[PDB]
Each structure stands twice: as C-alpha cells, then as structure tokens.
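Shown next: work.cif, given as mmCIF, C-alpha atoms.
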```cif
data_coords
loop_
_atom_site.label_atom_id
_atom_site.label_comp_id
_atom_site.auth_asym_id
_atom_site.auth_seq_id
_atom_site.Cartn_x
_atom_site.Cartn_y
_atom_site.Cartn_z
CA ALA A 588 104.89 98.00 103.70
CA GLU A 589 103.07 101.27 103.42
CA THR A 590 101.12 102.50 106.40
CA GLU A 591 98.04 104.39 105.43
CA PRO A 592 94.80 104.05 103.46
CA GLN A 593 95.30 105.20 99.89
CA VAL A 594 92.76 105.85 97.15
CA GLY A 595 92.75 103.39 94.28
CA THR A 596 95.82 101.53 95.44
CA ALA A 597 95.99 97.94 96.59
CA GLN A 598 98.70 96.04 98.42
CA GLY A 599 99.44 92.59 97.04
CA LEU A 600 101.85 89.70 97.37
CA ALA A 601 104.05 88.25 94.69
CA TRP A 602 106.18 85.19 94.24
CA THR A 603 109.62 84.52 92.76
CA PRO A 604 112.09 81.66 93.13
CA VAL A 605 114.29 84.00 95.21
CA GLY A 606 111.56 84.44 97.81
CA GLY A 607 108.23 86.14 97.51
CA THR A 608 107.71 89.85 97.78
CA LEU A 609 105.24 92.67 97.84
CA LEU A 610 103.96 94.58 94.85
CA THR A 611 101.38 97.35 94.81
CA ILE A 612 98.89 97.85 92.03
CA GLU A 613 97.89 101.46 91.57
CA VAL A 614 95.36 102.41 88.93
CA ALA A 615 93.85 105.66 87.73
CA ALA A 616 90.33 106.42 86.61
CA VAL A 617 90.81 109.50 84.44
CA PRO A 618 88.04 110.80 82.14
CA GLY A 619 88.19 109.70 78.54
CA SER A 620 86.69 107.42 75.92
CA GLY A 621 86.84 104.11 77.73
CA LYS A 622 89.70 101.72 77.10
CA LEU A 623 92.22 99.87 79.19
CA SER A 624 95.93 100.66 79.05
CA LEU A 625 97.89 98.03 80.93
CA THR A 626 101.42 99.31 81.47
CA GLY A 627 104.13 98.31 83.89
CA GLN A 628 105.36 95.39 81.76
CA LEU A 629 102.59 92.88 82.31
CA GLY A 630 102.14 89.56 80.57
CA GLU A 631 98.93 88.72 78.76
CA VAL A 632 97.69 86.40 81.51
CA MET A 633 97.63 89.29 83.94
CA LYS A 634 96.00 91.46 81.28
CA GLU A 635 93.20 88.92 80.86
CA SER A 636 92.91 88.67 84.64
CA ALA A 637 92.44 92.43 84.62
CA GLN A 638 89.77 92.23 81.94
CA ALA A 639 88.01 89.46 83.88
CA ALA A 640 87.96 91.51 87.08
CA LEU A 641 86.76 94.54 85.17
CA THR A 642 84.06 92.45 83.52
CA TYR A 643 82.84 91.29 86.92
CA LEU A 644 82.62 94.89 88.06
CA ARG A 645 80.75 95.87 84.91
CA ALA A 646 78.17 93.21 85.78
CA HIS A 647 77.55 94.70 89.26
CA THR A 648 77.27 98.48 89.29
CA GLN A 649 74.52 99.05 91.84
CA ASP A 650 76.15 97.00 94.56
CA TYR A 651 79.37 98.88 95.20
CA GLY A 652 78.32 102.46 94.51
CA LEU A 653 80.06 102.66 91.16
CA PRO A 654 79.02 105.14 88.47
CA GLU A 655 77.00 103.38 85.83
CA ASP A 656 78.48 104.20 82.43
CA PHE A 657 82.13 103.82 83.34
CA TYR A 658 82.73 101.69 80.27
CA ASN A 659 82.40 104.42 77.63
CA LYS A 660 83.42 107.41 79.78
CA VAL A 661 86.34 106.41 82.01
CA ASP A 662 89.76 105.75 80.54
CA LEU A 663 91.25 103.30 83.03
CA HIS A 664 94.99 102.96 83.36
CA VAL A 665 96.53 100.09 85.29
CA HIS A 666 100.15 100.52 86.36
CA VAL A 667 102.20 97.99 88.32
CA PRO A 668 105.47 99.50 89.57
CA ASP A 669 108.24 99.13 88.88
CA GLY A 670 109.12 99.08 85.24
CA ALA A 671 111.72 96.66 83.84
CA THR A 672 110.35 93.91 86.12
CA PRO A 673 108.56 91.27 84.04
CA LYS A 674 105.53 90.52 86.25
CA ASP A 675 102.55 88.28 85.21
CA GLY A 676 100.29 85.59 86.46
CA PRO A 677 96.63 85.22 87.51
CA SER A 678 97.44 85.42 91.23
CA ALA A 679 96.74 89.14 91.39
CA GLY A 680 93.24 88.80 90.63
CA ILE A 681 91.67 90.05 93.82
CA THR A 682 94.19 92.88 94.14
CA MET A 683 93.30 94.32 90.76
CA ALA A 684 89.61 94.07 91.55
CA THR A 685 90.08 95.98 94.81
CA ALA A 686 92.31 98.56 93.14
CA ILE A 687 89.90 99.17 90.26
CA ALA A 688 86.91 99.32 92.59
CA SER A 689 88.63 101.74 94.96
CA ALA A 690 89.61 103.96 92.06
CA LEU A 691 86.22 103.99 90.38
CA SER A 692 84.28 104.24 93.64
CA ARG A 693 86.34 107.06 95.25
CA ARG A 694 86.55 105.08 98.48
CA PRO A 695 90.07 104.39 99.79
CA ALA A 696 91.64 100.97 100.09
CA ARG A 697 93.28 100.26 103.43
CA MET A 698 96.85 99.25 102.69
CA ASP A 699 97.61 97.33 105.89
CA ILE A 700 95.98 94.09 104.69
CA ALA A 701 97.90 91.95 102.26
CA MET A 702 95.92 89.82 99.84
CA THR A 703 96.05 87.41 96.92
CA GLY A 704 93.75 85.19 94.91
CA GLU A 705 92.40 84.55 91.41
CA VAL A 706 89.03 85.93 90.34
CA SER A 707 86.61 84.11 88.04
CA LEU A 708 84.03 85.75 85.82
CA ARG A 709 81.11 84.86 88.10
CA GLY A 710 82.98 86.29 91.08
CA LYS A 711 84.36 83.02 92.37
CA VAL A 712 87.69 83.34 94.16
CA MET A 713 89.84 80.39 93.11
CA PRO A 714 92.94 78.92 94.78
CA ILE A 715 96.51 79.86 93.96
CA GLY A 716 99.96 78.35 94.30
CA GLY A 717 102.65 79.19 96.83
CA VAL A 718 100.83 80.59 99.85
CA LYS A 719 103.68 80.17 102.35
CA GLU A 720 106.26 82.43 100.75
CA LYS A 721 103.72 85.18 100.09
CA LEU A 722 102.71 85.00 103.75
CA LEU A 723 106.27 85.15 105.03
CA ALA A 724 107.10 88.16 102.87
CA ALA A 725 103.90 89.76 104.12
CA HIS A 726 104.93 89.20 107.71
CA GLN A 727 108.42 90.67 107.15
CA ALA A 728 107.04 94.05 106.16
CA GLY A 729 104.84 94.18 109.24
CA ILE A 730 101.35 93.41 107.96
CA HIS A 731 99.09 91.40 110.24
CA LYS A 732 95.81 90.96 108.35
CA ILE A 733 95.54 88.62 105.36
CA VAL A 734 92.93 87.83 102.71
CA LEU A 735 93.02 84.37 101.12
CA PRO A 736 90.76 81.91 99.28
CA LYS A 737 88.68 79.48 101.34
CA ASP A 738 90.11 76.74 99.15
CA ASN A 739 93.50 77.75 100.54
CA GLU A 740 92.94 76.29 103.99
CA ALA A 741 95.11 73.19 103.79
CA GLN A 742 98.02 75.29 102.62
CA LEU A 743 98.33 77.00 106.01
CA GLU A 744 99.62 73.93 107.85
CA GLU A 745 103.24 74.41 106.89
CA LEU A 746 104.05 77.79 108.45
CA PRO A 747 105.66 78.12 111.88
CA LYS A 748 103.19 78.73 114.68
CA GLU A 749 105.09 81.81 115.78
CA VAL A 750 104.24 83.17 112.36
CA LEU A 751 100.70 81.83 112.63
CA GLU A 752 100.08 83.38 116.04
CA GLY A 753 100.32 86.85 114.51
CA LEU A 754 98.71 86.57 111.10
CA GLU A 755 94.93 86.62 111.36
CA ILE A 756 93.89 84.83 108.19
CA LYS A 757 90.59 85.59 106.46
CA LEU A 758 89.33 82.83 104.17
CA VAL A 759 86.90 84.12 101.57
CA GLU A 760 85.10 82.37 98.73
CA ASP A 761 83.45 85.24 96.86
CA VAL A 762 84.26 88.83 95.96
CA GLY A 763 81.84 90.87 98.06
CA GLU A 764 83.46 89.66 101.27
CA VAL A 765 86.80 91.13 100.17
CA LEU A 766 85.15 94.27 98.77
CA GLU A 767 83.55 94.90 102.14
CA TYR A 768 86.64 93.95 104.11
CA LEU A 769 89.07 96.35 102.37
CA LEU A 770 87.10 99.54 101.73
CA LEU A 771 86.43 102.44 103.96
CA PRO A 772 82.69 103.13 103.70
CA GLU A 773 83.30 106.77 102.82
CA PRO A 774 83.90 108.63 99.56
CA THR A 775 86.70 111.20 99.74
CA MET A 776 87.50 112.74 96.36
CA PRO A 777 85.18 114.19 93.74
CA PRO A 778 84.42 111.49 91.15
CA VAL A 779 85.63 111.11 87.57
CA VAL A 780 82.31 112.33 86.08
CA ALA B 588 124.25 122.89 78.36
CA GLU B 589 121.81 125.20 76.66
CA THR B 590 121.61 128.35 78.73
CA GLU B 591 118.21 129.94 78.15
CA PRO B 592 114.98 128.45 79.50
CA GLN B 593 113.40 126.55 76.61
CA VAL B 594 109.68 125.87 76.27
CA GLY B 595 108.92 122.18 76.01
CA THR B 596 112.46 121.01 76.58
CA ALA B 597 114.01 119.38 79.64
CA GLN B 598 117.66 118.65 80.24
CA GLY B 599 118.14 115.02 81.23
CA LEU B 600 120.81 112.51 82.14
CA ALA B 601 121.27 109.10 80.60
CA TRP B 602 124.17 106.72 80.52
CA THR B 603 125.62 104.24 78.06
CA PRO B 604 128.54 101.83 78.48
CA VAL B 605 130.76 104.73 77.35
CA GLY B 606 129.87 106.89 80.31
CA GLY B 607 127.26 109.48 81.06
CA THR B 608 125.51 111.45 78.36
CA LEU B 609 123.10 114.36 78.36
CA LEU B 610 119.68 113.93 76.83
CA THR B 611 117.20 116.59 75.96
CA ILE B 612 113.52 115.87 75.57
CA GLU B 613 111.84 117.99 72.95
CA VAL B 614 108.06 117.87 73.20
CA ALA B 615 105.55 119.49 70.88
CA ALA B 616 101.93 120.12 71.78
CA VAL B 617 100.20 120.52 68.44
CA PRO B 618 96.41 120.58 67.90
CA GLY B 619 94.44 117.49 67.00
CA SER B 620 92.07 115.21 68.86
CA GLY B 621 94.16 113.23 71.35
CA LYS B 622 97.04 110.98 70.30
CA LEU B 623 100.51 110.14 71.56
CA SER B 624 103.36 109.67 69.10
CA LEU B 625 106.66 108.60 70.64
CA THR B 626 109.44 108.93 68.10
CA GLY B 627 113.21 108.96 68.29
CA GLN B 628 113.62 105.15 68.57
CA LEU B 629 112.39 104.72 72.11
CA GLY B 630 112.22 101.42 73.94
CA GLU B 631 109.01 100.01 75.31
CA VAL B 632 109.63 100.81 78.98
CA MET B 633 110.39 104.41 78.10
CA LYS B 634 107.11 104.72 76.22
CA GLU B 635 105.32 103.31 79.25
CA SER B 636 107.10 105.89 81.41
CA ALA B 637 105.77 108.62 79.14
CA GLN B 638 102.26 107.17 79.35
CA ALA B 639 102.51 107.06 83.15
CA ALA B 640 103.60 110.69 83.33
CA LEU B 641 100.77 111.78 81.06
CA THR B 642 98.27 109.81 83.15
CA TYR B 643 99.51 111.53 86.29
CA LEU B 644 99.15 114.92 84.64
CA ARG B 645 95.66 114.07 83.40
CA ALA B 646 94.71 113.29 86.98
CA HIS B 647 96.04 116.60 88.35
CA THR B 648 95.14 119.29 85.84
CA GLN B 649 94.21 122.07 88.26
CA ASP B 650 97.51 121.95 90.13
CA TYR B 651 99.78 123.13 87.33
CA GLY B 652 97.70 125.26 84.97
CA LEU B 653 97.35 122.52 82.35
CA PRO B 654 94.39 122.88 79.94
CA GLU B 655 90.93 121.78 80.97
CA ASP B 656 90.64 119.06 78.31
CA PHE B 657 93.69 117.64 76.59
CA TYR B 658 92.97 113.95 76.34
CA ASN B 659 90.84 114.76 73.28
CA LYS B 660 92.00 118.16 72.01
CA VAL B 661 95.81 117.91 71.71
CA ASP B 662 97.95 115.44 69.81
CA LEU B 663 101.18 115.37 71.77
CA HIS B 664 104.44 114.36 70.13
CA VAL B 665 107.58 113.50 72.07
CA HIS B 666 110.87 113.48 70.18
CA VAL B 667 114.16 112.43 71.75
CA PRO B 668 117.14 113.45 69.59
CA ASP B 669 119.23 112.13 68.02
CA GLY B 670 117.61 109.63 65.71
CA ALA B 671 120.21 106.88 65.68
CA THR B 672 120.57 106.33 69.43
CA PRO B 673 118.41 103.41 70.68
CA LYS B 674 117.42 104.45 74.27
CA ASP B 675 115.78 102.39 77.15
CA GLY B 676 115.29 101.93 80.79
CA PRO B 677 112.84 103.73 83.13
CA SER B 678 115.34 106.36 84.34
CA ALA B 679 113.80 109.32 82.57
CA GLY B 680 110.45 109.86 83.73
CA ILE B 681 110.45 113.04 85.65
CA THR B 682 112.15 114.86 82.81
CA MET B 683 109.28 113.70 80.62
CA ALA B 684 106.83 115.07 83.15
CA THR B 685 108.73 118.36 83.21
CA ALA B 686 108.81 118.63 79.43
CA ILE B 687 105.16 117.68 78.99
CA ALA B 688 103.95 120.09 81.66
CA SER B 689 106.04 122.92 80.24
CA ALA B 690 104.75 122.25 76.74
CA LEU B 691 101.17 122.04 77.95
CA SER B 692 101.49 125.06 80.23
CA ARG B 693 103.85 127.35 78.23
CA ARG B 694 106.24 128.08 81.07
CA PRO B 695 109.85 127.56 79.98
CA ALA B 696 111.72 124.85 81.83
CA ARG B 697 115.18 125.61 83.20
CA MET B 698 117.97 124.11 81.15
CA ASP B 699 120.70 124.66 83.74
CA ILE B 700 119.40 121.86 85.96
CA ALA B 701 119.94 118.22 85.16
CA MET B 702 117.46 115.67 86.47
CA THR B 703 116.71 111.96 86.64
CA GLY B 704 114.15 109.75 88.29
CA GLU B 705 111.45 107.14 87.75
CA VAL B 706 107.83 108.19 88.21
CA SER B 707 104.83 106.42 89.75
CA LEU B 708 101.17 106.90 89.01
CA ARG B 709 100.26 108.42 92.37
CA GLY B 710 103.17 110.77 91.77
CA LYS B 711 105.95 109.24 93.82
CA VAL B 712 109.53 109.52 92.57
CA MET B 713 111.04 106.11 92.84
CA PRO B 714 114.81 105.56 92.96
CA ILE B 715 116.94 104.71 89.95
CA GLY B 716 120.44 103.52 89.16
CA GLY B 717 123.70 104.91 87.82
CA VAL B 718 123.90 108.14 89.80
CA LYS B 719 127.70 108.40 89.54
CA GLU B 720 128.21 108.60 85.77
CA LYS B 721 125.16 110.82 85.38
CA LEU B 722 126.45 113.37 87.85
CA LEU B 723 129.96 113.25 86.38
CA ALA B 724 128.61 113.99 82.92
CA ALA B 725 126.38 116.69 84.34
CA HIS B 726 129.45 118.31 85.83
CA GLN B 727 131.70 118.06 82.76
CA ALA B 728 129.09 119.81 80.65
CA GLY B 729 129.07 122.60 83.22
CA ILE B 730 125.78 121.99 85.02
CA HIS B 731 125.93 122.66 88.75
CA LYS B 732 122.39 122.10 90.08
CA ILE B 733 121.02 118.54 90.15
#
```

As structure tokens, please, write out the structure in this file.
Amino acid sequence: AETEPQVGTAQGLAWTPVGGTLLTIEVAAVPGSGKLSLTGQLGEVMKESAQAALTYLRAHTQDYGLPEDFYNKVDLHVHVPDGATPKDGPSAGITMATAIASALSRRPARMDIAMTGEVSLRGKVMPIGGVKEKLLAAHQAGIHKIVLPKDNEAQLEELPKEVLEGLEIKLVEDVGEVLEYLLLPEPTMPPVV
Amino acid sequence: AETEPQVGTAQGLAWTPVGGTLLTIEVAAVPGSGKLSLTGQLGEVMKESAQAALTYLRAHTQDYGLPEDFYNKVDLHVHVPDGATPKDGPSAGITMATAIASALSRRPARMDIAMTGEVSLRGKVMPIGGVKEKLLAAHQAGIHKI
C-alpha cells in the first residue's frame, strides 16, 4: 500500500483467480475540450462504469465543490496502471467516482482506506462479488479502514476473526457517505480553470 | 549510437527474441490545432504509453518550459523507425516523454544515453522487464551511460 494522501488518486481492490490484489486508479483533469480518454487497457464494462460515475457527478455540481462547466472545458484522462494487464469489471465503481471527484475538486484522497463497490446512475451503491479475497489482500498491505456496500453485510461472516478484529468496516448505501469519508476538506492545488 | 544531441530524438532500448535492439524515437512538433498521430506500426499499449506521457506533460507545463497551450495549437506526430518492425509492450515510456519534451521545448536530447522505463500519470517510473539484453545491446553499440 501507499502511505499518504494523494490528489486525484484512489486506492482500490481487485480480484483474480490467483488471489485478489490492489490497483490504484489515478486520473488527470487537464484543460481541454471535454472528452474522456480511458487508457490502461480497460474493458468496455469498466468504461461504462466510468461514464456512469461521471454522469452522477455531472448531476451534482453544487454539492461537492466542483467547477460547474467541467463537461465542455476539462479533458479528463483515466489511467489504471499498469499496462498490459487486462482489467475490467463494474466493481471499481466507487473508486473511479472518488478519483474523479478528487481530481476535479482539488481536494486530496486519503490513500489508507481501501474500497470497492458498484455505482448506479442515481447514486445507489450496489453489491459486488468476492468480498473476502479483496479484504484479505487489503489487510496484507497494511490498510485498516474499509469502505463497502451496506448490502455486503452477510458476506463478512466468512473471514477469520483475527482478520476481523483489525479491519473496521464501513457499510455505506449511497455516494455522499463515501465522498465525505475519503476527502480531506481542503483544496490544495490551483484548479483546472 | 548517434553522437550529437538531436532535437526531438531519444535513444531507446527494446528487445526482440533475437536479442536487444536500439530504438530511436523521432518526434515532430508541427503546427495545427491539436492531434496525435502515432505511426510506425505501433501496438495499442505503446500508443497508450504515449498518451499517458503527453497527459503528464500537459499537467506540468511550467516545470520544463513547454508552451503555454499545446493541446489545441500543435499537432504532434510520433514516428518510430523502421516501418516494418511491429513493436509493443509498455517498456518505452520515458523515452517518449524525453522525445516529446525535447521536441516541445527545443532542447536537444543526449543520444549517448540509453534509457527504458514505464511511466505513470502522476509521474512515477514503474519497473519493467528484460534489463539484461537491453544493457548488453546498449554496450555493444558503444553506449556507456544508462
């Protein structure tokens, strides 16, 4: 795991058949015409998950301190390292929302909280599959604060208790809970516009 | 190894299942209104590496003397000779950043220094593979600073 709060960078959990792992989404909000380049070898499901999260943020601009016309002025670029790693799936729905909001809002995203979860269009955090292996890989790297869907509450009764005595699980249902649990309430950099 | 510092050119290291092989990255910065043509039969990952390096340089224009607006004033063009070598993998990413910044800054890059390395979007240099054959082929062409 990384250690420090970064700006427009979100820590997230992945899943394989060889054991789950971490993956960070880092995005950039550079000035431009307004489009959405989605590099880092992503499947179309994760691209649509990105467009859904971005559509939710376009529908709420006065809540989270975002600039207003970031749809025809800000040329977003979503990059999921590393290359040559086919990565896709709707599971990184909350991660991309936090990353995009931290980048557009100039407020950092504290990297010592792993997260997961699928975002709707109304802002309705939906359940996922495979919570256990994501949690174990989160605990290996030394992270001790989790974000998870409220619907994922029956999935937690298969971990060891020695794992469960460390990990303090948050169980959210909507987006604004995560967006106020992962942001420092302070802008740092000058904005894009 | 070309001796003189070239403008818009970066010596690079790639490897095939023959052994190591030098690559140069010629880059032209010709006027237009903001495009990105990636010729020379590049793979997809290598194009994405070029896009990542340009996004990093768009984020950090004041650091290197890059122009004040070049997302919509300059059509860049990145050629990787020769034209019958299919090339892929994310290994060359910091050579693309070197070539693009030298072309956009007009400061000639050194050609007596080989390089390799994958690039992030924050700017981190992430580790790559095949160091052995790349440094052997950098030596046999008479390059001594890696």

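Computed from the coordinates, the CA of residue 643 (chain A) to CA of residue 695 (chain A) distance equals 19.7 Å.
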
Problem set entry | Matched chain/residue IDs from the PyMOL selection byres ((chain B) within 12 of (chain A)), as a ChimeraX atom specification | /B:620-621,630-648,655-660,675-680,705-715

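For the pair CA of residue 649 (chain A) and CA of residue 679 (chain A), the separation is 24.3 Å.
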
Protein, DNA and RNA residues within 9 Å of (94.0, 78.3, 95.0), only C-alpha atoms, as a tab-separated table (two decimals) with C-alpha atoms, keeping the file's coordinate frame:
```
chain	number	residue	atom	x	y	z
A	678	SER	CA	97.44	85.42	91.23
A	704	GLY	CA	93.75	85.19	94.91
A	705	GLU	CA	92.40	84.55	91.41
A	712	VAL	CA	87.69	83.34	94.16
A	713	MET	CA	89.84	80.39	93.11
A	714	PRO	CA	92.94	78.92	94.78
A	715	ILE	CA	96.51	79.86	93.96
A	716	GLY	CA	99.96	78.35	94.30
A	717	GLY	CA	102.65	79.19	96.83
A	718	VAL	CA	100.83	80.59	99.85
A	735	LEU	CA	93.02	84.37	101.12
A	736	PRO	CA	90.76	81.91	99.28
A	737	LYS	CA	88.68	79.48	101.34
A	738	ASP	CA	90.11	76.74	99.15
A	739	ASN	CA	93.50	77.75	100.54
```

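Using only C-alpha atoms, the smallest distance between any of B:733, B:724, B:690, B:629 and residue 614 (chain B) comes from B:690.
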
Exercise. Which residues come within 12 Å of residue 653 (chain A), counting all atoms listed in the file, excluding same-chain residues fewer than 3 positions away, as a list in words?
Worked result: residues 616, 644, 645, 646, 647, 648, 649, 650, 656, 657, 658, 661, 687, 688, 689, 690, 691, 692, 693, 694, 774, 778, 779 and 780 of chain A

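Comparing B:700, B:666, B:672, B:691 by their smallest distance to residue 602 (chain B), the closest is B:672 (using only C-alpha atoms).
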
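A cut-off of 12 Å from the point (121.3, 129.6, 76.5), with only C-alpha atoms, picks out the residues residues 588, 589, 590, 591, 592, 593, 696, 697, 698 and 699 of chain B.
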
Exercise. Hey, what's within 8 Å of residue 702 (chain B) if we count only C-alpha atoms and toss same-chain stuff fewer than 2 positions away? As a ChimeraX atom specification, please?
Worked result: /B:598-600,681-682,700,704,733

Next, write the just-selected residues to a file, as an mmCIF file, keeping the file's coordinate frame, keeping C-alpha atoms as the atom set.
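Once written, result.cif looks like this:
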```cif
data_model
loop_
_atom_site.group_PDB
_atom_site.id
_atom_site.type_symbol
_atom_site.label_atom_id
_atom_site.label_comp_id
_atom_site.auth_asym_id
_atom_site.auth_seq_id
_atom_site.Cartn_x
_atom_site.Cartn_y
_atom_site.Cartn_z
ATOM 1 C CA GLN B 598 117.660 118.650 80.240
ATOM 2 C CA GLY B 599 118.140 115.020 81.230
ATOM 3 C CA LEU B 600 120.810 112.510 82.140
ATOM 4 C CA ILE B 681 110.450 113.040 85.650
ATOM 5 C CA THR B 682 112.150 114.860 82.810
ATOM 6 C CA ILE B 700 119.400 121.860 85.960
ATOM 7 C CA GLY B 704 114.150 109.750 88.290
ATOM 8 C CA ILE B 733 121.020 118.540 90.150
#
```

Taking 3 positions as the minimum chain separation for residues in the same chain, which residues sit within 6 Å of region 615-618 of chain B when counting only C-alpha atoms? Answer as a PDB file with C-alpha atoms, in the frame of the given file.
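The result, stored in result_22.pdb:
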```pdb
ATOM      1  CA  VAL B 661      95.810 117.910  71.710  1.00  0.00           C
ATOM      2  CA  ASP B 662      97.950 115.440  69.810  1.00  0.00           C
ATOM      3  CA  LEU B 663     101.180 115.370  71.770  1.00  0.00           C
ATOM      4  CA  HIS B 664     104.440 114.360  70.130  1.00  0.00           C
TER       5      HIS B 664
END
```

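Applied to the shown file, the PyMOL selection byres ((chain A and resi 592) around 12) selects the residues residues 588, 589, 590, 591, 593, 594, 595, 596, 597, 598, 686, 689, 694, 695, 696, 697, 698, 699, 700, 769, 770, 771, 773 and 775 of chain A.
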
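Coordinates place CA of residue 730 (chain A) at a distance of 9.9 Å from CA of residue 755 (chain A).
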
For this session: Name every residue that the PyMOL selection byres ((chain A and resi 710) around 9) selects in this structure, writing the answer as a PyMOL selection string with chains first and numbers rising.
Result: chain A and resi 640+643+706-709+711-712+760-763

Problem set entry | Shortest interatomic distance to residue 597 (chain B) - which of B:670, B:728, B:622, B:688, counting only C-alpha atoms | B:688

Problem set entry | Residue among A:752, A:631, A:720, A:767 lying closest to residue 677 (chain A), counting all atoms listed in the file | A:631
